[PDB]
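In C-alpha cells, the next block holds one chain alone, the form deposited in one PDB entry.
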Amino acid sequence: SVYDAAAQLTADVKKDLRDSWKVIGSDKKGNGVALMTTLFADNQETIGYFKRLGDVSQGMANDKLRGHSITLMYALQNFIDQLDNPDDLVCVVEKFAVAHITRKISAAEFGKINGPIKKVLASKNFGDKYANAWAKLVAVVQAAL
C-alpha cells in the first residue's frame, strides 16, 4: 500500500531527507548525471530500457541524457516539497509510477536506484543513515509499481 509506505516517513526520516537534499539538490545537473551514470555502470542490464537517450556512455556530453537527468532531479524535488502532505505526495508518486509502469519497470528493478543514491550521498559525506532515509522514500514509489 502506497499509503502505508508514506506513513513510514516519520519526523526523523523527513528531516534527514531535507538535510541531505539541501546539498545534493544544489547541483541537479551534476548529481543527476552522476546518479544515472552510476546506475548504468553498476547495473548494465538496465541500459536497454533507455534506448531513447542514445549512447549513455557519453555521460554529460549526451544532450538527451543531461535533459533526462536534470528532469529526474526535479521529480525528487517534487517529492521533498510534498513531504508535509501525504495526500499530495501520494498523487505525485502515482503520476511518476505510471510513467514507469508503461516502461515495464517493476518495483524490484526500480529499487536498483538505491545503490547509486547511496554512492552519490557517500561522495558528499552522507552515510548509511541518509542512504536508508532515501530508501524509504524510494519505497513509496515501489509500492505503487
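The first residue of the shown sequence is 1; numbering continues from there.
Undergrad: Between 100-108 and 29-37, which has the larger average Cα B-factor in the PDB entry?
TA: Per the PDB record, 100-108.
Undergrad: 66-74 versus 49-57: which one carries the higher mean Cα B factor per the record?
TA: Taking the mean B-factor of the alpha carbons in each, 49-57 is higher.
Undergrad: Could you tell me which third, lowest, middle or highest, the C-alpha B-factor of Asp88 occupies within its chain?
TA: Ranked within chain, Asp88 CA B lands in the middle tercile.
Undergrad: Split the chain's modelled residues into thirds by Cα B-factor; is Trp134 in the lowest, middle or highest one?
TA: It belongs to the lowest third of the chain when residues are ordered by C-alpha B-factor.
Undergrad: Looking at the C-alpha B-factor of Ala143, is it in the lowest, middle or highest third of its chain?
TA: Tercile = middle for this residue's CA B-factor.
Undergrad: Based on the entry's values, in what third of the chain does the Cα temperature factor of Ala11 lie: lowest, middle or highest?
TA: It belongs to the highest third of the chain when residues are ordered by C-alpha B-factor.
The next section is about a form of this same protein that is not shown, the form deposited with a small molecule bound.
Undergrad: Since only the chain is shown here, I'm wondering whether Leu35 would be in contact with the small molecule in the deposited bound form (any heavy atom pair within 4.5 Å).
TA: Close contact exists here: in the deposited bound form, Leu35 approaches the small molecule to within 4.5 Å, heavy atoms only.
Undergrad: Would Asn62 count as a contact of the small molecule in the deposited bound form, using a 4.5 angstroms cut-off between non-hydrogen atoms?
TA: Close contact is absent here: in the deposited bound form, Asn62 is far from the small molecule, nothing within 4.5 Å, heavy atoms only.
Undergrad: Is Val90 close enough to the small molecule in the deposited bound form to count, meaning some heavy atom within 4.5 Å?
TA: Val90 lies outside the contact set for the small molecule.
Undergrad: Any chance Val56 has a heavy atom within 4.5 Å of the small molecule in the deposited bound form?
TA: No, no contact at 4.5 Å.
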